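Containing mmCIF, C-alpha atoms and all ligand atoms: final-v5.cif.
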```cif
data_protein
loop_
_atom_site.group_PDB
_atom_site.id
_atom_site.type_symbol
_atom_site.label_atom_id
_atom_site.label_comp_id
_atom_site.auth_asym_id
_atom_site.auth_seq_id
_atom_site.Cartn_x
_atom_site.Cartn_y
_atom_site.Cartn_z
ATOM 1 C CA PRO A 1 -79.204 -22.635 13.480
ATOM 2 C CA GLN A 2 -80.699 -21.258 10.248
ATOM 3 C CA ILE A 3 -79.339 -17.784 9.462
ATOM 4 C CA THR A 4 -81.100 -15.465 7.014
ATOM 5 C CA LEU A 5 -79.208 -12.867 4.982
ATOM 6 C CA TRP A 6 -81.308 -9.714 5.356
ATOM 7 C CA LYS A 7 -78.525 -8.668 7.744
ATOM 8 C CA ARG A 8 -74.807 -9.405 7.735
ATOM 9 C CA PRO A 9 -74.278 -12.962 9.132
ATOM 10 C CA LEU A 10 -72.266 -11.840 12.144
ATOM 11 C CA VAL A 11 -71.615 -14.240 15.021
ATOM 12 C CA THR A 12 -69.608 -14.274 18.234
ATOM 13 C CA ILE A 13 -66.400 -16.308 18.052
ATOM 14 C CA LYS A 14 -63.942 -17.235 20.795
ATOM 15 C CA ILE A 15 -60.242 -17.364 19.950
ATOM 16 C CA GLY A 16 -57.157 -17.202 22.143
ATOM 17 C CA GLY A 17 -59.529 -16.930 25.074
ATOM 18 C CA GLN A 18 -60.991 -13.712 23.642
ATOM 19 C CA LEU A 19 -64.477 -13.091 22.304
ATOM 20 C CA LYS A 20 -64.906 -11.279 18.992
ATOM 21 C CA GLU A 21 -67.508 -10.713 16.282
ATOM 22 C CA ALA A 22 -66.936 -12.270 12.867
ATOM 23 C CA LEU A 23 -68.687 -12.525 9.504
ATOM 24 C CA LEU A 24 -69.634 -15.927 8.116
ATOM 25 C CA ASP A 25 -68.277 -15.469 4.586
ATOM 26 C CA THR A 26 -68.866 -18.170 1.976
ATOM 27 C CA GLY A 27 -66.903 -16.114 -0.561
ATOM 28 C CA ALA A 28 -63.708 -16.405 1.509
ATOM 29 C CA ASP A 29 -61.507 -19.466 1.065
ATOM 30 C CA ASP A 30 -59.696 -18.654 4.301
ATOM 31 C CA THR A 31 -60.393 -17.174 7.726
ATOM 32 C CA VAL A 32 -58.903 -13.706 8.219
ATOM 33 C CA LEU A 33 -59.022 -11.770 11.490
ATOM 34 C CA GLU A 34 -58.075 -8.210 12.345
ATOM 35 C CA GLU A 35 -54.738 -7.598 14.047
ATOM 36 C CA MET A 36 -54.497 -9.333 17.423
ATOM 37 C CA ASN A 37 -51.979 -11.181 19.575
ATOM 38 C CA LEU A 38 -52.179 -14.954 19.139
ATOM 39 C CA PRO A 39 -49.813 -17.390 20.898
ATOM 40 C CA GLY A 40 -47.725 -19.818 18.888
ATOM 41 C CA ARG A 41 -45.516 -19.729 15.834
ATOM 42 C CA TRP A 42 -46.595 -18.036 12.617
ATOM 43 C CA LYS A 43 -45.305 -17.580 9.086
ATOM 44 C CA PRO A 44 -45.932 -14.582 6.818
ATOM 45 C CA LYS A 45 -48.324 -15.076 3.924
ATOM 46 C CA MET A 46 -50.036 -12.983 1.249
ATOM 47 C CA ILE A 47 -53.747 -13.031 0.444
ATOM 48 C CA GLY A 48 -55.698 -11.278 -2.292
ATOM 49 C CA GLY A 49 -59.137 -9.696 -2.170
ATOM 50 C CA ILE A 50 -61.299 -7.357 -4.249
ATOM 51 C CA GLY A 51 -58.849 -4.475 -3.843
ATOM 52 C CA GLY A 52 -55.545 -6.350 -4.050
ATOM 53 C CA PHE A 53 -53.207 -8.198 -1.737
ATOM 54 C CA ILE A 54 -52.299 -7.813 1.910
ATOM 55 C CA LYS A 55 -49.648 -9.293 4.180
ATOM 56 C CA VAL A 56 -50.921 -11.610 6.926
ATOM 57 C CA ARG A 57 -49.543 -13.802 9.706
ATOM 58 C CA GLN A 58 -50.557 -17.445 9.257
ATOM 59 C CA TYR A 59 -51.364 -19.416 12.411
ATOM 60 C CA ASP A 60 -51.978 -23.141 11.886
ATOM 61 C CA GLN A 61 -54.108 -25.539 13.938
ATOM 62 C CA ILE A 62 -55.621 -22.731 16.017
ATOM 63 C CA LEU A 63 -58.659 -23.522 18.162
ATOM 64 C CA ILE A 64 -61.667 -21.282 17.487
ATOM 65 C CA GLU A 65 -65.274 -21.610 18.659
ATOM 66 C CA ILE A 66 -67.855 -20.216 16.238
ATOM 67 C CA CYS A 67 -71.394 -19.699 17.528
ATOM 68 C CA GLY A 68 -70.945 -22.618 19.902
ATOM 69 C CA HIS A 69 -69.157 -24.902 17.405
ATOM 70 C CA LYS A 70 -65.493 -25.829 17.766
ATOM 71 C CA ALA A 71 -63.015 -25.636 14.886
ATOM 72 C CA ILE A 72 -59.252 -26.186 14.770
ATOM 73 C CA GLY A 73 -57.578 -24.815 11.674
ATOM 74 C CA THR A 74 -55.745 -22.063 9.868
ATOM 75 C CA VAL A 75 -56.349 -18.458 10.934
ATOM 76 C CA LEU A 76 -54.785 -15.518 9.095
ATOM 77 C CA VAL A 77 -54.239 -12.263 11.000
ATOM 78 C CA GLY A 78 -53.816 -8.897 9.333
ATOM 79 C CA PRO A 79 -55.315 -5.654 8.007
ATOM 80 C CA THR A 80 -58.647 -7.114 6.911
ATOM 81 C CA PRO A 81 -61.502 -4.563 7.148
ATOM 82 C CA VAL A 82 -63.650 -7.126 9.031
ATOM 83 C CA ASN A 83 -63.145 -10.401 10.892
ATOM 84 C CA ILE A 84 -64.197 -13.102 8.410
ATOM 85 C CA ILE A 85 -64.817 -16.821 8.888
ATOM 86 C CA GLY A 86 -63.997 -18.577 5.615
ATOM 87 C CA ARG A 87 -64.789 -21.970 4.156
ATOM 88 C CA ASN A 88 -61.791 -23.681 5.783
ATOM 89 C CA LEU A 89 -63.625 -23.324 9.109
ATOM 90 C CA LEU A 90 -67.237 -23.132 7.896
ATOM 91 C CA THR A 91 -66.798 -26.703 6.640
ATOM 92 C CA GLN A 92 -65.583 -27.769 10.090
ATOM 93 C CA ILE A 93 -68.752 -26.522 11.828
ATOM 94 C CA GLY A 94 -71.051 -28.196 9.274
ATOM 95 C CA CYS A 95 -72.156 -25.004 7.530
ATOM 96 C CA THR A 96 -73.967 -25.241 4.204
ATOM 97 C CA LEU A 97 -75.856 -22.898 1.916
ATOM 98 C CA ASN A 98 -79.519 -23.774 1.379
ATOM 99 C CA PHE A 99 -82.267 -22.367 -0.829
ATOM 100 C CA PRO B 1 -80.743 -27.378 -3.162
ATOM 101 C CA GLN B 2 -77.995 -27.571 -0.539
ATOM 102 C CA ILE B 3 -74.441 -26.436 -1.280
ATOM 103 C CA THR B 4 -71.543 -27.700 0.812
ATOM 104 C CA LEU B 5 -68.507 -25.454 1.232
ATOM 105 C CA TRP B 6 -65.656 -27.852 0.518
ATOM 106 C CA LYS B 7 -65.307 -26.009 -2.811
ATOM 107 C CA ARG B 8 -66.141 -22.450 -3.821
ATOM 108 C CA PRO B 9 -69.971 -22.089 -4.060
ATOM 109 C CA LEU B 10 -69.993 -21.404 -7.797
ATOM 110 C CA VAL B 11 -73.309 -21.471 -9.674
ATOM 111 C CA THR B 12 -74.596 -20.518 -13.108
ATOM 112 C CA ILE B 13 -76.467 -17.219 -13.374
ATOM 113 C CA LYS B 14 -78.356 -15.548 -16.226
ATOM 114 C CA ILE B 15 -78.080 -11.798 -16.708
ATOM 115 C CA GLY B 16 -78.518 -9.364 -19.583
ATOM 116 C CA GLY B 17 -79.286 -12.399 -21.668
ATOM 117 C CA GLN B 18 -75.887 -13.897 -20.829
ATOM 118 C CA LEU B 19 -74.926 -16.933 -18.773
ATOM 119 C CA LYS B 20 -72.052 -16.640 -16.310
ATOM 120 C CA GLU B 21 -70.523 -18.358 -13.293
ATOM 121 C CA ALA B 22 -70.780 -16.548 -9.963
ATOM 122 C CA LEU B 23 -69.945 -17.079 -6.301
ATOM 123 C CA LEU B 24 -72.730 -17.203 -3.720
ATOM 124 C CA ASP B 25 -71.150 -14.884 -1.170
ATOM 125 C CA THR B 26 -72.678 -14.266 2.257
ATOM 126 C CA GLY B 27 -69.855 -11.829 3.038
ATOM 127 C CA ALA B 28 -70.834 -9.452 0.221
ATOM 128 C CA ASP B 29 -73.554 -6.923 0.997
ATOM 129 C CA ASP B 30 -74.171 -6.368 -2.707
ATOM 130 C CA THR B 31 -73.623 -8.142 -6.005
ATOM 131 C CA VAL B 32 -70.511 -7.341 -8.046
ATOM 132 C CA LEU B 33 -70.078 -8.669 -11.580
ATOM 133 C CA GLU B 34 -67.120 -8.768 -13.944
ATOM 134 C CA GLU B 35 -66.907 -6.022 -16.564
ATOM 135 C CA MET B 36 -69.897 -6.184 -18.901
ATOM 136 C CA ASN B 37 -71.529 -3.608 -21.160
ATOM 137 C CA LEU B 38 -74.999 -3.448 -19.617
ATOM 138 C CA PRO B 39 -77.409 -0.874 -21.079
ATOM 139 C CA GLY B 40 -79.109 1.880 -19.126
ATOM 140 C CA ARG B 41 -78.204 4.489 -16.559
ATOM 141 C CA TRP B 42 -75.681 3.946 -13.788
ATOM 142 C CA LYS B 43 -74.051 5.753 -10.872
ATOM 143 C CA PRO B 44 -70.374 5.660 -9.851
ATOM 144 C CA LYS B 45 -69.455 3.834 -6.651
ATOM 145 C CA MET B 46 -66.358 2.618 -4.831
ATOM 146 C CA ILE B 47 -66.518 -0.655 -2.887
ATOM 147 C CA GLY B 48 -63.895 -1.929 -0.462
ATOM 148 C CA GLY B 49 -62.604 -5.285 0.682
ATOM 149 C CA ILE B 50 -59.269 -6.899 1.428
ATOM 150 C CA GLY B 51 -56.658 -4.888 -0.452
ATOM 151 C CA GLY B 52 -58.602 -1.615 -0.668
ATOM 152 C CA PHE B 53 -61.225 -0.219 -3.016
ATOM 153 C CA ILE B 54 -62.184 -0.522 -6.676
ATOM 154 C CA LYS B 55 -64.344 1.740 -8.839
ATOM 155 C CA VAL B 56 -67.604 0.183 -10.058
ATOM 156 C CA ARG B 57 -70.748 1.124 -11.981
ATOM 157 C CA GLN B 58 -73.949 0.743 -9.968
ATOM 158 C CA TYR B 59 -76.955 -0.414 -11.994
ATOM 159 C CA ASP B 60 -80.363 -0.603 -10.315
ATOM 160 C CA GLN B 61 -83.227 -3.083 -10.749
ATOM 161 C CA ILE B 62 -81.268 -5.624 -12.791
ATOM 162 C CA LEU B 63 -82.806 -9.072 -13.212
ATOM 163 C CA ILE B 64 -80.564 -12.057 -12.488
ATOM 164 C CA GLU B 65 -81.613 -15.716 -12.575
ATOM 165 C CA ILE B 66 -79.618 -17.813 -10.093
ATOM 166 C CA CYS B 67 -80.047 -21.596 -10.378
ATOM 167 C CA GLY B 68 -83.525 -21.061 -11.778
ATOM 168 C CA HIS B 69 -84.420 -18.567 -9.035
ATOM 169 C CA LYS B 70 -85.131 -15.034 -10.234
ATOM 170 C CA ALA B 71 -83.870 -11.983 -8.342
ATOM 171 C CA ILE B 72 -83.986 -8.292 -9.228
ATOM 172 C CA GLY B 73 -81.907 -5.603 -7.593
ATOM 173 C CA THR B 74 -78.738 -3.579 -7.563
ATOM 174 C CA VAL B 75 -75.794 -4.914 -9.565
ATOM 175 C CA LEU B 76 -72.327 -3.371 -9.407
ATOM 176 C CA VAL B 77 -70.133 -3.813 -12.479
ATOM 177 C CA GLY B 78 -66.397 -3.285 -12.368
ATOM 178 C CA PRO B 79 -62.969 -4.908 -12.458
ATOM 179 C CA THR B 80 -63.756 -7.601 -9.906
ATOM 180 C CA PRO B 81 -61.741 -10.837 -10.301
ATOM 181 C CA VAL B 82 -64.897 -12.954 -9.742
ATOM 182 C CA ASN B 83 -68.647 -12.627 -10.269
ATOM 183 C CA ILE B 84 -70.053 -12.199 -6.753
ATOM 184 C CA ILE B 85 -73.685 -12.722 -5.758
ATOM 185 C CA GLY B 86 -74.225 -10.764 -2.553
ATOM 186 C CA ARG B 87 -76.887 -10.722 0.121
ATOM 187 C CA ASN B 88 -79.054 -8.199 -1.741
ATOM 188 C CA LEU B 89 -79.893 -10.983 -4.215
ATOM 189 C CA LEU B 90 -79.279 -14.049 -2.026
ATOM 190 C CA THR B 91 -82.194 -13.028 0.221
ATOM 191 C CA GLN B 92 -84.522 -12.993 -2.805
ATOM 192 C CA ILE B 93 -83.838 -16.637 -3.707
ATOM 193 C CA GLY B 94 -84.398 -17.862 -0.149
ATOM 194 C CA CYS B 95 -80.741 -18.546 0.610
ATOM 195 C CA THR B 96 -79.795 -19.282 4.217
ATOM 196 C CA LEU B 97 -76.762 -20.517 6.121
ATOM 197 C CA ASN B 98 -77.298 -23.667 8.183
ATOM 198 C CA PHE B 99 -75.180 -25.495 10.747
HETATM 199 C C1 LIG C 101 -59.850 -14.991 -7.516
HETATM 200 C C2 LIG C 101 -58.593 -14.441 -8.187
HETATM 201 O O1 LIG C 101 -58.260 -13.171 -7.635
HETATM 202 P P1 LIG C 101 -57.748 -13.051 -6.059
HETATM 203 O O2 LIG C 101 -56.822 -14.138 -5.702
HETATM 204 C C3 LIG C 101 -59.224 -13.102 -4.845
HETATM 205 O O3 LIG C 101 -60.347 -12.938 -5.671
HETATM 206 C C4 LIG C 101 -61.500 -12.768 -4.830
HETATM 207 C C5 LIG C 101 -62.258 -14.001 -4.354
HETATM 208 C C6 LIG C 101 -63.489 -13.813 -3.434
HETATM 209 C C7 LIG C 101 -63.922 -12.391 -3.022
HETATM 210 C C8 LIG C 101 -65.166 -12.194 -2.095
HETATM 211 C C9 LIG C 101 -64.580 -11.699 -0.762
HETATM 212 N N1 LIG C 101 -63.653 -12.724 -0.306
HETATM 213 C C10 LIG C 101 -62.319 -12.446 0.252
HETATM 214 O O4 LIG C 101 -61.857 -11.370 0.334
HETATM 215 O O5 LIG C 101 -61.596 -13.636 0.683
HETATM 216 C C11 LIG C 101 -60.136 -13.570 0.823
HETATM 217 C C12 LIG C 101 -59.895 -14.377 2.143
HETATM 218 O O6 LIG C 101 -60.153 -15.655 1.723
HETATM 219 C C13 LIG C 101 -59.515 -15.731 0.385
HETATM 220 O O7 LIG C 101 -60.341 -16.467 -0.615
HETATM 221 C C14 LIG C 101 -60.917 -15.511 -1.450
HETATM 222 C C15 LIG C 101 -60.128 -14.174 -1.290
HETATM 223 C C16 LIG C 101 -59.473 -14.254 -0.102
HETATM 224 C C17 LIG C 101 -65.654 -11.583 0.297
HETATM 225 O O8 LIG C 101 -66.407 -12.762 0.377
HETATM 226 C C18 LIG C 101 -66.634 -10.447 -0.066
HETATM 227 N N2 LIG C 101 -65.954 -9.142 0.267
HETATM 228 C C19 LIG C 101 -66.453 -8.389 1.441
HETATM 229 C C20 LIG C 101 -65.650 -8.845 2.756
HETATM 230 C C21 LIG C 101 -64.087 -8.530 2.590
HETATM 231 C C22 LIG C 101 -63.338 -9.076 3.839
HETATM 232 C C23 LIG C 101 -66.253 -8.094 3.971
HETATM 233 C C24 LIG C 101 -65.756 -6.592 3.994
HETATM 234 S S1 LIG C 101 -65.502 -8.233 -1.118
HETATM 235 O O9 LIG C 101 -65.263 -9.067 -2.306
HETATM 236 O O10 LIG C 101 -64.257 -7.479 -0.945
HETATM 237 C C25 LIG C 101 -66.968 -7.173 -1.445
HETATM 238 C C26 LIG C 101 -67.088 -5.783 -0.795
HETATM 239 C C27 LIG C 101 -68.349 -4.941 -1.104
HETATM 240 C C28 LIG C 101 -69.442 -5.517 -2.054
HETATM 241 C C29 LIG C 101 -70.696 -4.667 -2.330
HETATM 242 O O11 LIG C 101 -71.379 -4.673 -1.091
HETATM 243 C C30 LIG C 101 -69.322 -6.910 -2.675
HETATM 244 C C31 LIG C 101 -68.057 -7.754 -2.365
HETATM 245 C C32 LIG C 101 -63.126 -11.146 -3.496
HETATM 246 C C33 LIG C 101 -61.902 -11.324 -4.409
HETATM 247 O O12 LIG C 101 -57.088 -11.593 -5.841
HETATM 248 C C34 LIG C 101 -56.408 -11.015 -6.899
HETATM 249 C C35 LIG C 101 -55.081 -10.615 -6.328
#
```

Would you mind writing the file's structure down as structure tokens?
Amino acid sequence: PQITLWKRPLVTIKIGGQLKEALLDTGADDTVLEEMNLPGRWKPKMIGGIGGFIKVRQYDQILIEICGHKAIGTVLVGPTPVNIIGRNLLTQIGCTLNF
Amino acid sequence: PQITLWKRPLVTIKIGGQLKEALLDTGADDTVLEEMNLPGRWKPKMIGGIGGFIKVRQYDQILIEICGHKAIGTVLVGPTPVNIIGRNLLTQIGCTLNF
């Protein structure tokens, strides 16, 4: 669909069988979700934001459905203030900016 | 135009008579610009993201030209690592997400 920006671009995602709400975030290189149990191996990583760095768990090749669109890619899990969908997955669902 | 998300959505903006590069960021409520000595009154603010909070100076009714599209609104100035155009200005230039 076409999503305006008068409100936060929040959508329902499905990951690990669980439904959650996430922010479509064109300023995020990567997808970062709040703490949750995800099956499969993971490796620790660091990511930096406006306020500094945090420690995250990196899950590769994770299936995630975003507003009805399937993606399979990297999902970071950690103390992010909000679930964010970043460009690594926004590209997979065909998302562009338009004005 | 239409901006794909393979790369960071960086565009040229014009503010305070200066040209800069800034990220079109749907995940940012408001616009945050790198340290600059803008004239006029301001109010202190703290904004949070990944890593915690930073202190910024909130200027109101600032004109910014973004890819030839004019917008006027609140601009936060502080030690951000990147110039960030947030939804408060993205709405004014007709920017939408589309997939
Ligand atoms: C670049 C060199 O410095 P750097 O490496 C990273 O620099 C940055 C690059 C992009 C951003 C933009 C930021 N993206 C981000 O956090 O993405 C993470 C995950 O994906 C990675 O890619 C980029 C960073 C990594 C997000 O889009 C917008 N944020 C809000 C969301 C936070 C989850 C929602 C709460 S907000 O900025 O905090 C913000 C809060 C309030 C207001 C006023 O309303 C305006 C803006 C910030 C820093 O860090 C130095 C150690």

With the PyMOL selection byres (((not hetatm)) within 7 of (chain C and resi 101)) as the selection, what would be picked from this file? Answer as number ranges by chain, please.
A: 25-32, 47-53, 80-82, 84, 86; B: 25-32, 47-50, 80-82, 84, 86

C-alpha atoms of the current selection, written as a compact mmCIF listing (two decimals), in the frame of the given file:
```
# COMPACT_ATOMS: atom_id res chain seq x y z
CA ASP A 25 -68.28 -15.47 4.59
CA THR A 26 -68.87 -18.17 1.98
CA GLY A 27 -66.90 -16.11 -0.56
CA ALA A 28 -63.71 -16.40 1.51
CA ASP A 29 -61.51 -19.47 1.06
CA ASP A 30 -59.70 -18.65 4.30
CA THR A 31 -60.39 -17.17 7.73
CA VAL A 32 -58.90 -13.71 8.22
CA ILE A 47 -53.75 -13.03 0.44
CA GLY A 48 -55.70 -11.28 -2.29
CA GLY A 49 -59.14 -9.70 -2.17
CA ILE A 50 -61.30 -7.36 -4.25
CA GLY A 51 -58.85 -4.47 -3.84
CA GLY A 52 -55.54 -6.35 -4.05
CA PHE A 53 -53.21 -8.20 -1.74
CA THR A 80 -58.65 -7.11 6.91
CA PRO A 81 -61.50 -4.56 7.15
CA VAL A 82 -63.65 -7.13 9.03
CA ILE A 84 -64.20 -13.10 8.41
CA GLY A 86 -64.00 -18.58 5.62
CA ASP B 25 -71.15 -14.88 -1.17
CA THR B 26 -72.68 -14.27 2.26
CA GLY B 27 -69.86 -11.83 3.04
CA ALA B 28 -70.83 -9.45 0.22
CA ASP B 29 -73.55 -6.92 1.00
CA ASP B 30 -74.17 -6.37 -2.71
CA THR B 31 -73.62 -8.14 -6.00
CA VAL B 32 -70.51 -7.34 -8.05
CA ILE B 47 -66.52 -0.66 -2.89
CA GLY B 48 -63.90 -1.93 -0.46
CA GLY B 49 -62.60 -5.28 0.68
CA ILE B 50 -59.27 -6.90 1.43
CA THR B 80 -63.76 -7.60 -9.91
CA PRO B 81 -61.74 -10.84 -10.30
CA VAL B 82 -64.90 -12.95 -9.74
CA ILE B 84 -70.05 -12.20 -6.75
CA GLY B 86 -74.22 -10.76 -2.55
```

To one decimal in Å, tell me the separation between CA of residue 58 in chain A and CA of residue 74 in chain A.
7.0 Å

Residue 61 in chain B surroundings by all atoms listed in the file, 12 Å radius, close-in-sequence under 6 positions cut, as a PyMOL selection string
chain B and resi 15-16+31+40-42+71-76+88-89

Could you list, as a PyMOL selection string, every residue matched by the PyMOL selection byres (((chain A and resi 21) around 6) and not hetatm) in this structure?
chain A and resi 11-13+20+22

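When only C-alpha atoms are used to measure the gap to chain B, the shortest distance among A:64, A:19, A:56, A:36 belongs to A:56.
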
Since I can't run it myself right now, could you work out what the PyMOL selection byres (((chain B and resi 1) around 12) and not hetatm) selects here and report it as an MDAnalysis selection string?
(chainID A and resid 96:99) or (chainID B and resid 2:4 11 66:69 93:96)

CA of residue 9 in chain B to CA of residue 34 in chain B: how many Å, to one decimal?
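If I compute the distance from CA of residue 9 in chain B to CA of residue 34 in chain B, I get 16.8 Å.
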
In Å, rounded to a single decimal, give me how far CA of residue 35 in chain B is from CA of residue 59 in chain B.
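For CA of residue 59 in chain B relative to CA of residue 35 in chain B, the distance reads 12.4 Å.
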
Restricting the calculation to all atoms listed in the file: of B:83, B:44, B:54, B:63, which residue gets closest to chain A?
B:54

Nearest to chain B, chosen from A:90, A:46, A:77, A:38, with all atoms listed in the file counted in the distances:
A:90

In terms of the shortest atom-to-atom distance over only C-alpha atoms, which of A:70, A:87, A:92, A:65 is closest to chain B?
A:87
